[PDB]
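One chain is shown next in structure tokens, namely the form solved without the ligand.
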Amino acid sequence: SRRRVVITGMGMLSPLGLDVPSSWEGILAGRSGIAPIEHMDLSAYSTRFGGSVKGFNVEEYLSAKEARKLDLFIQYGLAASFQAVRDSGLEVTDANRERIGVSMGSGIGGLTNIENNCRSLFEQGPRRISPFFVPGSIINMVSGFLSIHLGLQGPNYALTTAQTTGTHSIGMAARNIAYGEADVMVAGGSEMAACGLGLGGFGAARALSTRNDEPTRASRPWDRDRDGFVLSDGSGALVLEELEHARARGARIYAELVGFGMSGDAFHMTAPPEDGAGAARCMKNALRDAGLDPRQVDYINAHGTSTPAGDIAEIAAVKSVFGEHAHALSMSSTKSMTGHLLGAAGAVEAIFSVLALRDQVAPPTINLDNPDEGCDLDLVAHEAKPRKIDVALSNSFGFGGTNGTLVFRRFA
């Protein structure tokens, strides 16, 4: 029968920090991680800024010899995973290594690497493609390389569900533990899509904010002057652990993961439905999975991408699910500060959701100067709000009409 799942370790790279604590300090202080991109010439692009990881030192984690072989998304994924495992205090042994797995996901994985090897192929020919190109670029190699370095012989896999990837990765890893397929899972996601193909591709779809002259104000979820999402890089990893296994070894437990929902919109390849029907189905699945009265929800970390259609869909979904209680809970988008980490958005946001529970504080939606038509909930505009939070919900939506919800609550 179904076992309980707790969070015993967390790790992160974000535009606000090279770990969880430094990232969280920025979240609570309403700091923006968004800046003109310096690694390349974006003068031909309609968007020239995003959320870069600043000062990442791969030699805190990996040999320069291994690092050279791996795309930044894999480097970021491993850094976050190592942080999480260290933070858990878990010791891997011959006694438990078959029961510890990994589910670290990505939207596109090694797009920089693919672009660079494409450049080689077109300018020089196939003989200049790296021998490390495939294992260094494909999405499942965070899971792969992590398992190799730590000796994890449990379930080893990777999700790719676009902007929903991190939430799905965490939820399904929890199910692995819940149903007895593993006792421990490292789960989350990593993204580094800030190359010509990523900024170009989202640019061609007009999905990105073009506020090049004021990048820290670009990401403004529910604000009437929003004009698309801000592209950001990084990684979130959590150590998920069966409750009795955590109690047995004396683990510090951050919070309990009580609920997971998925649903398909079955609406459109890229646009969410205006009424938030699929998002509402997903949150209800998750609240029923957690055995909760919806009025128990104190805080929602919204998907909150700063797109016109996405942001209003979410208000509509929240109003439909929570009715009058929609006015009592706090909902915020940390994407106001971090931008949109795509495959990693759900993973960093699950971590902010857990910290919202630890510190009893709703992070702000910065840049929310003029809430749009119908965006009349407590959206924690401008400044962090200390408040009672027993239950926190993290939403993600993505291309293909793919929805995820995670429900966390305090553990004592």
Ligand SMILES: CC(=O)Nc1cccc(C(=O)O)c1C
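So that the term is clear: the rigid core is the largest set of C-alpha atoms that superpose within 1.5 Å between two forms. For every residue, the number given is its place in the sequence shown, counted from 1.
Taking the root mean square of C-alpha distances over all structures and residues in 8 other deposited structures of this protein, with a rigid core superposition, name the larger of 22 to 30 and 39 to 47. Of 22 to 30 and 39 to 47, the stretch deviating more in 8 other deposited structures of this protein is 39 to 47.
Could you check the entry and say whether 339 to 347 or 379 to 387 has the higher mean CA B-factor? It is 379 to 387.
Test of understanding: from the entry's C-alpha B-factors, which stretch has the higher mean, 67 to 75 or 267 to 275? Per the PDB entry, the higher value belongs to 267 to 275.
Residue, from 232, 164, 116, 81, that the PDB entry assigns the highest Cα B-factor: That would be 116.
Of the choices 298, 289, 324, 191, which one's C-alpha carries the largest B-factor in the record? Result of the comparison over 298, 289, 324, 191: 324.
Could you place residue 280 in the lowest, middle or highest third of its chain by Cα temperature factor, using the values in the record? Answer is middle: the recorded C-alpha B-factor places it there.
Taking the values exactly as deposited, rank residue 356 by C-alpha B-factor within its chain and report the matching third: lowest, middle or highest. Middle third - that is where residue 356 ends up once the chain's C-alpha B-factors are sorted.
Ranked C-alpha temperature factor of residue 331 among modelled chain residues, by third: Answer is middle: the recorded C-alpha B-factor places it there.
How does the C-alpha B factor of residue 112 compare with the rest of the chain: lowest, middle or highest third? Ranked within chain, residue 112 CA B lands in the middle tercile.
Test of reading the entry: by CA B factor among the chain's modelled residues, which third contains residue 106? For residue 106, the deposited C-alpha B-factor lands in the lowest third.
Omitted here: the form solved in complex with the ligand. The next part is about that form.
Even though the partner isn't displayed, in the deposited bound form is residue 398 close enough to the ligand, meaning a heavy atom within 4.5 Å? Yes, residue 398 is a contact residue.
is_contact(residue 334, the ligand) in the deposited bound form, heavy atom dist at most 4.5 Å: No, residue 334 stays farther than 4.5 Å from the ligand in the deposited bound form.
Is there a heavy atom of residue 265 no more than 4.5 Å from a heavy atom of the ligand in the deposited bound form? Yes, residue 265 sits close enough to the ligand in the deposited bound form that at least one of its heavy atoms falls within 4.5 Å.
Would residue 305 show up as a contact with the ligand in the deposited bound form if we use heavy atoms at 4.5 Å? Yes, residue 305 sits close enough to the ligand in the deposited bound form that at least one of its heavy atoms falls within 4.5 Å.
Judged by heavy atom distances of 4.5 Å or less, which residues of 326 to 362 approach the ligand in the deposited bound form? Contacts from 326 to 362: just 340.
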